[PDB]
Every structure is written in structure tokens, then in C-alpha cells.
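Consider the single chain below, provided in C-alpha cells and representing the form deposited in one PDB entry.
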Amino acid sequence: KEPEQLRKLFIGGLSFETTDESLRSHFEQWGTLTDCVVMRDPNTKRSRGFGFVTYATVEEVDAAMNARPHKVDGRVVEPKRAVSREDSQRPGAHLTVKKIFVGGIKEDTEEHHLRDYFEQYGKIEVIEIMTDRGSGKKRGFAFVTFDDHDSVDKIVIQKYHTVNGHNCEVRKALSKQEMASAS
């Protein structure tokens, strides 16, 4: 058994009439659901337009994500890896992005180093090992852009990432302005 958090998917854009039962009825087509629920307003009991489905195994979760697009109750919904309550606190933790910031990479880090660790998550579109525009010095971080936002999500939910022999920190890439707006 893997952690509950890694076996759970967030399902956004739920139709106004989607219920625990209709949600379950759709996603069970890809595996055993150990949990399924539509978040509602504790007051009006009105649906908040989002929910969560949790499979018995991450393998089933991967099958579901490979089954996109998902149309539930006549509405195309938006499934995403479930981000923990703790991480949902960080700026832009719920953004749909295809690029990741990789910080703490050794000076002698080359692109092949990044590929040997990251390709396992999805198709890589661009790899950028950052250097100072002027001195040519290596700055110790890179940007890796994927073909699918789910690749990035599968990555940021894990804790450790080993590149060029040592762990590195991976975050969703925030724009220059999003960086400022967060600072």
C-alpha cells in the first residue's frame, strides 16, 4: 500500500449535478475507489464544484490520468494529482504548469544528468541549465519543460529527486512576476 495522498486525485470543474455516486460510477472504470467525495457547502449543502477520488493503488491513478479527457455528468472535468493540505499552502501550488524549477544542482551538471532522472516522468520539451549572463558562471539551477502538466504534478508531489548523484529541489516554475508577487 502506498500513501493515501499519492493514491488520491483532485477533480475540478465538477458539474453542478455531479454527486459522490455519479463521480464514483465514472472513475471506478479505472480501478477500486477507496474514497470518493464531492465537497459541498456545509451551509447550503450546495456542491463546491470539486471533489476527490482515491484508488487502491497509484497504478490505477496513473491509468485514470492516462484516460484524459474525462467527461463526467456531461461536463469535461479537470483531474489533478492531489496536493497535500500542507503544500497547498505554497504560492502557485495548484497551477497547471509544464515547467519545473530544479535547484541545488552541482556545477558539473549536464543535460544528460537531468534527462536520466526526469524522462521517466514524461516527454521533455526543453532543458535549461542556467548561467549568469555576463560571467558565464553556473548558477546552480535549471528549468525543465514537459509536454504534459501531469508530468510536473507527478514530480512535485514526491519529496526527493536525485540528479547528477545528489538530491535536488523541484518546484513548479513561477514566472518572473509570479516570483515577485510571491516575495
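Counting begins at 1, following the sequence as shown.
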| property | result |
| --- | --- |
| Unmodelled residue 92 in at least one third of other entries with both flanks present | yes |
| Stretch with the higher entry mean CA B-factor, where the candidates are 134-142 and 154-162 | 134-142 |
| Mean Cα B-factor comparison, 78-86 or 91-99, giving the higher one as deposited | 91-99 |
| Among 62, 28, 119, 148 - the residue whose C-alpha B-factor is largest in the record | 28 |
| Third of the chain, ranked by Cα B-factor, where residue 38 sits | middle |
| Chain thirds of CA B-factor: placement of residue 167 | lowest |
| Third of the chain, ranked by Cα B-factor, where residue 126 sits | highest |
